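Next comes just one chain, in structure tokens: the form deposited in one PDB entry.
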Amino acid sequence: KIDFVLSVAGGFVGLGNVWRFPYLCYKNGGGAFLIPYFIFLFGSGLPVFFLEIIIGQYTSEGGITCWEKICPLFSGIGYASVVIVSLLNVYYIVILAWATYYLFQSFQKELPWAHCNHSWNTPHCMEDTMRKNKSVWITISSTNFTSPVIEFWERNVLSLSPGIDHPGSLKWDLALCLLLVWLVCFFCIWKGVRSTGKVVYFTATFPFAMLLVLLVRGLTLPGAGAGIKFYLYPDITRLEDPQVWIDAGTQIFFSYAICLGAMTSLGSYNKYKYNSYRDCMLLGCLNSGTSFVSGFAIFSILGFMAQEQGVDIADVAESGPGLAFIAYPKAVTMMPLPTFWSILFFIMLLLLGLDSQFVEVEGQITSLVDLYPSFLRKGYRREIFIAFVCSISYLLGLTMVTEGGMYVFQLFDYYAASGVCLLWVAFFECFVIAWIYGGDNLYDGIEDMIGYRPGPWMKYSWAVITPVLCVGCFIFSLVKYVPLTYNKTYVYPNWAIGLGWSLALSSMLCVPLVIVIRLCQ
């Protein structure tokens, strides 16, 4: 019970609610993102999560083992999830590397991004406190100016190249930060160091307090009403593009850590005769509320920056993966004693990232050791195996810390553990569960375990709402095609789009291979 609650709280509350949701909501106009957000929430987000928990508790297994007894022909979902989490682990730790770099740069007397008198800055820079001044406003030369935070993030941390075709030279300091984070993760996993006893009280109450104070600071900031209006009121015409629907569905499937093979094991740890339904509903509501209030804070900050800079809200930031690193460092600057609050906030980010990183990597290593235990479970191989896995992941992720490392990271974010592959996996899971096993068969088990019969809503949500949404989104995306573009102006080469589609197809095509191999034998 207690361990279940703590593990599930640490299993999906983290970067997916604070970093990824805000920039996807910002890129799609704001309010128009919310209607598909809630539709997909109440259609599949809670039903599929509850289905995973129930199947884990019922089979007492996870990963491929549960599908090995639910449907042998449909065991490819486990392998697809393994590939998805393996590709996700590579690019999930670059955020932690950036956080470590920011934290190390925080120890100085003055924050580096508070001004742009440094040496890594273009001549087209000035301070936001007087950017709206008449001599430096729409009167003349108001289009090519830039804020110190944008220039810092684009040059000191990234040093962005003209394109992906020009990778430049490798940056060594970010490589060292990545190595340090990987070493910390290896030390934590090898010795089995997890929060226990009374320290978990602070570990759980610190991120919420930091989020609360950040929310208060953002709400008290002038010009946040425009940000709230942008975040809430939707655009009807914008809904005619499949982009909003597909990214809302993937945000639902990502924030809840669905289709990664983790919740099945989490429910497998549970025993029979437990009320999983109430806990699952409460956790889903808590996760959604946390994301909603985090969006409040982000868009209040964005509205403040848009009001102070003099430009429109739709284009005031990167509109890409690095939205948090532009909003939050700008927010922590307004607090008294900025250094202490910056250190606290980046420690909070590190804490929210490290626990999720640990649990995902541990689940991955358990999956691989279960895949071939014959000599893995015997001897001292269970240290060198993690050593090799960490080294390979570090080498693979080293390609995203070069001069042109942002484009590869954006391609990974778009095509690796999101987009069409997650919809594919969720559609297949819902289809098999609802149509081959039978909803009545699962309600029999639910009645046996929890002693009560829920309403006739899970059956519908698994039979008619999820497959229709998945198929509609896929078909409409295929019919109306718009190629991926970093930010909004950069157009990718043909081979880059081919590589991204190959990345997605690598996860997607595991299921047909499994089916054809099972049928051939």
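The first residue of the sequence shown is number 1, and the count goes up from there. Just so we're on the same page, rigid core means the largest C-alpha set that superposes within 1.5 Å between forms.
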- Compare the other PDB entries of this protein and indicate whether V184 is left unmodelled in at least a third of them. no
- Message: Does the comparison with other entries of this protein show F152 left unmodelled in at least a third of them?
- Response: no
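Note that the form deposited with a small molecule bound isn't included here; everything after this is about it.
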- Between the options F325, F304, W245, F254, which residue brings a heavy atom to within 4.5 Å of the small molecule in the entry with it bound? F254
- Item | Interface residue in the entry with it bound among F299, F346, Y92, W98, criterion: non-hydrogen atom within 4.5 angstroms of the small molecule | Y92
- Message: Taking the small molecule as it sits in the entry with it bound, is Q410 near enough to touch it, meaning that at least one heavy atom pair lies within 4.5 angstroms?
- Response: no
- Touches the small molecule in the entry with it bound: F12 (any heavy atom, 4.5 Å): yes
- Tell me, yes or no, whether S147 is in contact with the small molecule in the entry with it bound, where a contact means a heavy atom of each within 4.5 Å. no
- Closest heavy atom of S356 to the small molecule in the entry with it bound, within 4.5 Å or not? yes
- Listed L371, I436, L232, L183; moving between this form and the one not shown by 2 Å or more at the CA after core fit is just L371
- Task: Could you check whether the CA atom of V311 moves 2 Å or more between this form and the one not shown, using the rigid core for the fit?
- Result: no
- Query: For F208, is the C-alpha shift between this form and the one not shown 2 Å or more after core superposition?
  - Reply: no
- Query: Rigid core fitted, is the C-alpha displacement of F104 between this form and the one not shown 2 Å or more?
  - Reply: no
